[PDB]
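I have placed the structure first, in the form of structure tokens, so that the comments after it can refer back to it.
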Amino acid sequence: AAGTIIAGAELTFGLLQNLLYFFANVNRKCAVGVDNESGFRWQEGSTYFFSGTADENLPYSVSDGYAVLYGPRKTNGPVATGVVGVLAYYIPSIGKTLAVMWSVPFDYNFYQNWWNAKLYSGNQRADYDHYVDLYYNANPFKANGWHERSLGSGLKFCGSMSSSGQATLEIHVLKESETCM
Amino acid sequence: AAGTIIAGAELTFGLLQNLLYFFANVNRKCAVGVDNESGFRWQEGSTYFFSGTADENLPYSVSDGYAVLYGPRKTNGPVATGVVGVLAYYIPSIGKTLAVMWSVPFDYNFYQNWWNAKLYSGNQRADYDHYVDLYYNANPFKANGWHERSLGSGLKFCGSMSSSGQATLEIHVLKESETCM
Amino acid sequence: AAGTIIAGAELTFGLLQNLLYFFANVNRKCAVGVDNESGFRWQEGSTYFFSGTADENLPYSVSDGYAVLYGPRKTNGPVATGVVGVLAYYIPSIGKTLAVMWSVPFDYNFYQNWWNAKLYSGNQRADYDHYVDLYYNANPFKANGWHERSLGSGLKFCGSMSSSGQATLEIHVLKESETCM
Amino acid sequence: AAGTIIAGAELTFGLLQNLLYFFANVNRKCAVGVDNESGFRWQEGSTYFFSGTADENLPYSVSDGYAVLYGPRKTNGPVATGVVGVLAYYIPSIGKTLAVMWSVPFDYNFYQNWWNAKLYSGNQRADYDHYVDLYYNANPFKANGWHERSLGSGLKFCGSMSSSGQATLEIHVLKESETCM
Amino acid sequence: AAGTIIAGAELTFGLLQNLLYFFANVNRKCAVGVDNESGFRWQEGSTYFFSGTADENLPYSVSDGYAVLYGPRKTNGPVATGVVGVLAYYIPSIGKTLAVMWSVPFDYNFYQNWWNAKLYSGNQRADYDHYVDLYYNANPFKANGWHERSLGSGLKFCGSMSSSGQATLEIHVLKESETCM
Amino acid sequence: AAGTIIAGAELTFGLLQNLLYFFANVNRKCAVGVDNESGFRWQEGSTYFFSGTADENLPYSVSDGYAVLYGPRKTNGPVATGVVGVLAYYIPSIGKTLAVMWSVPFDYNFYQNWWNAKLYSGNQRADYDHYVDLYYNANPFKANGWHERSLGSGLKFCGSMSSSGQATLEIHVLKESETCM
Amino acid sequence: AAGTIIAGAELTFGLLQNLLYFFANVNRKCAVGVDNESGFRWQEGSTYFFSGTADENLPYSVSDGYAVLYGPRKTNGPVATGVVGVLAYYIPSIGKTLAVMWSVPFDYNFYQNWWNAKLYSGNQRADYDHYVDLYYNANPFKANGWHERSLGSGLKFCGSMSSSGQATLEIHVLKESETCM
Amino acid sequence: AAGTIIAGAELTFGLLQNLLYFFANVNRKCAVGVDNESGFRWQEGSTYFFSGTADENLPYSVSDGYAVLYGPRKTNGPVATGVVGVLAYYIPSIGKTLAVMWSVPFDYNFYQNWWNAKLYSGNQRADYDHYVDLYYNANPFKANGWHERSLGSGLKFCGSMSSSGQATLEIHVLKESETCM
Amino acid sequence: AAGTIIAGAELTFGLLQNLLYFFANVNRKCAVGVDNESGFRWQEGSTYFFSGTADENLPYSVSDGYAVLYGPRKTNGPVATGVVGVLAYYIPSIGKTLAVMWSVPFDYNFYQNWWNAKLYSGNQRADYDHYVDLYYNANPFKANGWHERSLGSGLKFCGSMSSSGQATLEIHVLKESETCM
């Protein structure tokens, strides 16, 4: 009789409210710090997201001795996806664009935190081709403490990423004749 | 018997209260900053909304070196629509009207955040024709970091919009011989 | 049997308490600012409401360089009607009465926010004929940013109204040789 | 069987507790301000209530340049009646008694806020004949902004009342050669 | 069967707890102020209650230019009776006892607030004969603003009582050649 | 069947918890002030209780110009009895013991607040014979404002007790040539 | 059937939780003050409990003009026993041990608060023989205000104990030529 | 039928949650203070636990005139065991290791608080043989106030332990020619 | 019938929510302090986790007289595993990498807290081979107070670990001619 179906509805929507509340209350976050000590002005700050969003703007420019601070997070409500995105700036003193990438996935059973950076030719704002090149075609870093690499064109970077689901990411971008932190 | 229909009512209005509470508790917001460093007085500040509303007034005028701050939001209660609107000012020193447009939709499965600006001939306050011209007939910007364009008549703008469901929007309006932020 | 009717009463009064609580907890509000910079004394401040009420008094008079601040609201409890009303003052230096009108309706499916002002002959306190003349027989303004008009007799006004369900309204009343805000 | 009557009692007293709580939690209030700038001493301050009560005393006297502040309210608990009352003072310099009256009813479907004042012959403390004379036999003012009238004997008053269910009432009592507020 | 009697007990004690809580949570209070400016010392301060009680003591004496402050209240818990009582002092400079009486009843459907005062021969502390003489055999005042009367023996009083269920009472006792407040 | 007996137990222990909570939450309290201005040292402070208890000690002695403050209360938890007790001191300058007694009963349907004091021969600490002599064989005072009596041996007292269920008690003990408070 | 036994379990453990919570939430406490003004050093401070416990240590020594403060309490959780214990110190200037004893029982239907003190020969730390000698074989004091006795060997004490279930205990230990408090 | 087994599960897990919560919310704690005034440096601070744990480190060393403060506690969650452990230091100026032991058991129906200390030959960090030697083969102290003993090698200690389930333990370690606290 | 299966679901998901909440609310934490007083610069700080995560970065470098502070914790939500990981730095003044390891397991029925450190040849960042070499192939320390060992190459360390489930770990790394803390 229909009393079984009504009790089945109370169980069904009782479980569904808790399942949607669980996916809404799992936090994935990133906090990206990119210190410019490269000796060049950076400008035209741009972004892309494969997943997640940021509430604030970038600085339009980053003069010598100042830092980008920028805080992505997961898409809000019951959607089960993480943060994955790109950041970029153009460096008119050297004719190239710095790009930075990170990932902080939702499902850690198949994925892990990653980051990368490159200095591309000309002016090209962050997009899906920069994501696929920084994440698949280049050699990305995993999130386990400090890594250092040349960008070419007289510049290098040294940086690290936390392995946490709420990840801090830090990069110092600097001249090849200088030492980090 | 009628005891089934009464239990069916308890389930029906129990679900409906939670569904209406969900649509009432989803926030879409915008916060629009338009810095005047154009060297001209702006006046006769006007608006239009295709969806959403603002609680405060605009400034009647914006003298050189001052900013519009203006905060649209969704229509309150269970109505499932976002913020979509236009802002305008008349610039008597150059005989044209600056117009600014944004969108922060409710359903992100089909739509995304956008913005635009133009400098139209004569005096024309914000309306549905300015919305359709800024959103369909012109080339609007998507919400991914800084963009810059000429207005004509000796002016340009540089600005950005957040990809979030609670979006910050920032524009600097300035002379074509000058540099942003 | 009567157990069905008793359970039907529990459902009936359970829904009715929530329906009356909803109509009691929907806020319609107005906040009216009328800055006198007209160069004349205003006195005999009077009002009318087609719907809604105000808790405070008007100032009896408004000397040059001072403002009316006055805050109407909906009728309290489960009554489903908005704010609609008139304000007036007599200006003995010019032999006329300034009148101001606004509307902030309950049902936005059929109505919208409006405002108006006029400078009528002689002394006539606010009433239903001033409401119908300001809302139907004159050309009222809708709530979308700044509008400006002559009153005649050497005076003009410039003002705006918010499109919100809790609406701010602002008017500056000034000499025809002067500029707003 | 008797189980129906017991469930009928749970519904009956469940509704009655909410109905009595509603009539106990509906507020009718008045706040009466009577500024003496008449140039005469007032004394022997007295009152009457047709409905409602005040917790504090009047001042025994009001010298020149001071005000009565006095705050009536409805009778407490589930009783469904408003505030209706009279205030009076004797003015020994002119041989007459000032009387003031107000109403703030419970049922607004049939009644509205009113006020009045008069300057009666000799000494007569506030009573039901002063109420009926100020409310029916004289011409009372309704609660819509400022009204002004002569008392005779060299005095006038100017005053206003709020249309709210919690009403502020203000009167200035002054010489016929002087101007209000 | 006995299940009806058990459900009848749940209803019976459910109603009785709320009825006793209602009679325990209805407040009757008095606050009695008796200013001595009579030019004589008062002493041997004494009291009586027909209903209600006070937590503090009286002053043993009241010298010239000082006041009795004394705060009766209803008997605590579910007992449905008000405040009714007498206060007295002996005045050795004139050979008489000042007595003061008040009432603040529980059931306002049959009773109202009253007060009185007298100056009796010799020394006689407050008792049931002073209550019956001040409330029935003398002419008491009702609680509606200021009243004034001679005590005889060179003294008078002027005083008032609030009509509220929590009543303030004020009396000034003074020489027949002087003016109140 | 046994389901009736189980439901009868839920009612029985549901009522009993509320009945024991009521007797535990009815407060009887006393606060005893005995000002020594007798011109003699008091010492060997002692007590007795027929019902109730005090948490603090007495002072061992009371020199001239100092007061006993001492705060009895009912026995804690569901026990339905009040405060009834004796206080005493020895006065070595006059060879006698001051004793003080009070009562603050639980059941006011049969009993009332009382107090007394005496100055007994020799040294005798407070006990049941001092209680019965101060409460039955002597003439005790009831709790209605100030009373005054000689102790003999050059001393008197003047004092009062509140009629409340939480009673303040005050006594000044002084030379027969002096005046109270 | 077994549904009766399950409902019997809900009643059984529902009552048992409240009974254990009652025995856990009944407080028995003591607070022992022993002022040394004996003119001798005290040392080797030791204790015993027949019931109850203390959280802090004693001072190892008490020089002239200083006091032991020490706060026993009942054993925690549902155990229904009070505080009963002994304190001791050795006095090397006179070759004897001061011992102090108190009781604050759980069941006042059969027992009352007691205290005692003695000055025993040689060095002997507090134990069950000191408890039985101070409580049964010596003459203990009951808790009703100040008592005074010689210790022998040039010393005396004067002290008191509160009759409360949370008892303060105070003793001054002093030379036979001196006066207490 | 299976409805009995389901109701039996509700009772079973309802009782089990409360039983595990009880064993998780019973606190056993120790707080160990070991004052070094021995005139020698202590170093290589080491520990062992038969039950319980400490969150902080020991000091690596204790110079003359400083104290170890160290706070063991029971193992967290529903495990029903107390604190039992050893502490040790090496004293290079005398070629020996000080060891200290305590117990604060869970089940007081069979066990009590104990402590001990010794000065062992050579360097040997705290372990199960030090526990068994300090608790069974040596003569330990019970928790009842101050005890004092020689360590040999020119040193002694004096110390005490509280009998409480949250026990303070204090030891002063000092030269044989000196006096405690 | 299906009513049994629905009641079985209420029990099943009622238990499962509490079981997942228990595994989510059991805390395993570590807090690692590594003081550099080795007289050499440390750089290229790197990590590995066999289980658990850290939210913050390491310092890129540790100059002489400064400390690593670094706080691992368990993986968040219902996953039942502890903290187990490695830390490393390169020391360019001596051509070797310092590595540090710890464990703070979830299941204490089979495992205990451990730590270790080594100074490996060349530059090699922390990984699974450093974990297995520090935990199985080398001789690790258990968490019971201070241990000290040579690193070789002129360096040693002295350090300790807490036995708690929230463990503090401290190491001082120093020249072989110097003394700890």
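Labeling convention for the structure tokens: chains A, B, ... as they appear, residues from 1 per chain, ligands from 1 in order of appearance.
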Near region 39-51 of chain A, within 8 Å and counting only C-alpha atoms, which residues show up once chain neighbours fewer than 2 positions away are dropped, as number ranges by chain?
-> A: 36-37, 53, 58-64, 74-75, 81-94, 125-128, 174-175; B: 144-147
From region 6-105 of chain E, collect each residue whose DSSP state is helix (DSSP H, G or I) and return the set as a list in words.
-> residues 6, 7, 8, 9, 10, 11, 12, 13, 14, 15, 16, 17, 18, 19, 20, 21, 22, 23 and 24 of chain E
Restrict the selected residues to N, CA, C and O atoms and save them as an mmCIF file, in the first residue's frame.
data_model
loop_
_atom_site.group_PDB
_atom_site.id
_atom_site.type_symbol
_atom_site.label_atom_id
_atom_site.label_comp_id
_atom_site.auth_asym_id
_atom_site.auth_seq_id
_atom_site.Cartn_x
_atom_site.Cartn_y
_atom_site.Cartn_z
ATOM 1 N N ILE E 6 -5.175 7.785 31.164
ATOM 2 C CA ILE E 6 -3.770 8.210 31.074
ATOM 3 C C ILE E 6 -3.606 9.392 30.107
ATOM 4 O O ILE E 6 -2.989 10.393 30.470
ATOM 5 N N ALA E 7 -4.208 9.343 28.916
ATOM 6 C CA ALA E 7 -4.192 10.483 27.996
ATOM 7 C C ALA E 7 -4.917 11.712 28.585
ATOM 8 O O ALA E 7 -4.455 12.843 28.449
ATOM 9 N N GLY E 8 -6.010 11.502 29.325
ATOM 10 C CA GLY E 8 -6.692 12.545 30.087
ATOM 11 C C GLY E 8 -5.812 13.181 31.172
ATOM 12 O O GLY E 8 -5.877 14.395 31.379
ATOM 13 N N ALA E 9 -4.940 12.407 31.825
ATOM 14 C CA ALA E 9 -3.952 12.925 32.766
ATOM 15 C C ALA E 9 -2.895 13.794 32.066
ATOM 16 O O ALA E 9 -2.621 14.901 32.527
ATOM 17 N N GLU E 10 -2.350 13.356 30.925
ATOM 18 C CA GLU E 10 -1.399 14.164 30.146
ATOM 19 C C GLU E 10 -1.983 15.532 29.761
ATOM 20 O O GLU E 10 -1.321 16.556 29.934
ATOM 21 N N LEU E 11 -3.240 15.572 29.311
ATOM 22 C CA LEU E 11 -3.950 16.828 29.040
ATOM 23 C C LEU E 11 -4.173 17.640 30.323
ATOM 24 O O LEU E 11 -3.925 18.843 30.341
ATOM 25 N N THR E 12 -4.605 16.999 31.412
ATOM 26 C CA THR E 12 -4.918 17.686 32.675
ATOM 27 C C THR E 12 -3.692 18.383 33.262
ATOM 28 O O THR E 12 -3.744 19.578 33.547
ATOM 29 N N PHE E 13 -2.576 17.675 33.420
ATOM 30 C CA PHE E 13 -1.364 18.257 33.996
ATOM 31 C C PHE E 13 -0.614 19.161 33.007
ATOM 32 O O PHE E 13 0.011 20.135 33.428
ATOM 33 N N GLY E 14 -0.746 18.930 31.697
ATOM 34 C CA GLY E 14 -0.274 19.851 30.660
ATOM 35 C C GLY E 14 -0.957 21.222 30.727
ATOM 36 O O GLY E 14 -0.280 22.250 30.705
ATOM 37 N N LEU E 15 -2.285 21.267 30.889
ATOM 38 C CA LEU E 15 -3.021 22.519 31.109
ATOM 39 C C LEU E 15 -2.703 23.137 32.479
ATOM 40 O O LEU E 15 -2.429 24.335 32.553
ATOM 41 N N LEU E 16 -2.697 22.350 33.558
ATOM 42 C CA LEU E 16 -2.458 22.876 34.905
ATOM 43 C C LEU E 16 -1.080 23.539 35.053
ATOM 44 O O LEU E 16 -0.991 24.623 35.622
ATOM 45 N N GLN E 17 -0.011 22.958 34.495
ATOM 46 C CA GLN E 17 1.315 23.586 34.517
ATOM 47 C C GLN E 17 1.295 24.973 33.851
ATOM 48 O O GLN E 17 1.836 25.930 34.399
ATOM 49 N N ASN E 18 0.631 25.111 32.699
ATOM 50 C CA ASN E 18 0.492 26.397 32.012
ATOM 51 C C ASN E 18 -0.388 27.399 32.785
ATOM 52 O O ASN E 18 -0.046 28.578 32.850
ATOM 53 N N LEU E 19 -1.477 26.956 33.420
ATOM 54 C CA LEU E 19 -2.328 27.824 34.237
ATOM 55 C C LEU E 19 -1.592 28.362 35.478
ATOM 56 O O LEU E 19 -1.644 29.556 35.765
ATOM 57 N N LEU E 20 -0.869 27.504 36.204
ATOM 58 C CA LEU E 20 -0.070 27.935 37.353
ATOM 59 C C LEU E 20 1.091 28.841 36.923
ATOM 60 O O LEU E 20 1.355 29.846 37.578
ATOM 61 N N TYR E 21 1.750 28.544 35.798
ATOM 62 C CA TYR E 21 2.785 29.412 35.231
ATOM 63 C C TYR E 21 2.242 30.798 34.855
ATOM 64 O O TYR E 21 2.896 31.802 35.118
ATOM 65 N N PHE E 22 1.027 30.879 34.303
ATOM 66 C CA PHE E 22 0.377 32.162 34.030
ATOM 67 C C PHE E 22 0.144 32.984 35.306
ATOM 68 O O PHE E 22 0.586 34.125 35.376
ATOM 69 N N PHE E 23 -0.470 32.422 36.352
ATOM 70 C CA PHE E 23 -0.671 33.167 37.604
ATOM 71 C C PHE E 23 0.640 33.528 38.319
ATOM 72 O O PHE E 23 0.700 34.545 39.006
ATOM 73 N N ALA E 24 1.703 32.733 38.165
ATOM 74 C CA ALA E 24 3.028 33.052 38.695
ATOM 75 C C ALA E 24 3.747 34.166 37.904
ATOM 76 O O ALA E 24 4.553 34.873 38.452
#
Non-local contacts of residue 140 (chain D) (8 Å; only C-alpha atoms; under 2 positions in same chain excluded) as an NGL selection string | :D and (114-116 or 134-136 or 138 or 142)
From a DSSP calculation on the backbone, collect every residue of region 2-170 of chain G in strand (DSSP E or B) and output the set as a PyMOL selection string.
-> chain G and resi 29-37+42-51+53+61-62+66-70+73+83-91+96-104+114-121+141-142+145+147-152+155-161+166-170
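The coordinates place CA of residue 155 (chain I) at 12.2 Å from CA of residue 97 (chain I).
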Would you list the contacts of residue 95 (chain G) as an MDAnalysis selection string, taking every protein, DNA or RNA residue within 9 Å and counting only C-alpha atoms, but skipping same-chain residues closer than 5 positions in sequence?
-> chainID G and resid 90 121:123
Residues as selected, N, CA, C and O atoms, written as a compact mmCIF listing (two decimals), in the first residue's frame, can you do that?
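The new file again-v3.txt reads:
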# COMPACT_ATOMS: atom_id res chain seq x y z
N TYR G 90 53.79 18.50 62.69
CA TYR G 90 54.71 18.34 63.80
C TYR G 90 55.30 19.69 64.20
O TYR G 90 55.62 20.51 63.33
N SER G 121 51.56 13.54 71.70
CA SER G 121 52.97 13.32 72.03
C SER G 121 53.80 12.82 70.84
O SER G 121 53.39 11.89 70.13
N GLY G 122 55.01 13.36 70.67
CA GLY G 122 55.95 12.92 69.64
C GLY G 122 55.51 13.26 68.21
O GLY G 122 54.72 14.18 67.99
N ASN G 123 56.03 12.54 67.23
CA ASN G 123 55.69 12.68 65.81
C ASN G 123 54.87 11.46 65.35
O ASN G 123 55.34 10.32 65.41
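Note that the spacing between CA of residue 119 (chain G) and CA of residue 176 (chain H) amounts to 28.7 Å.
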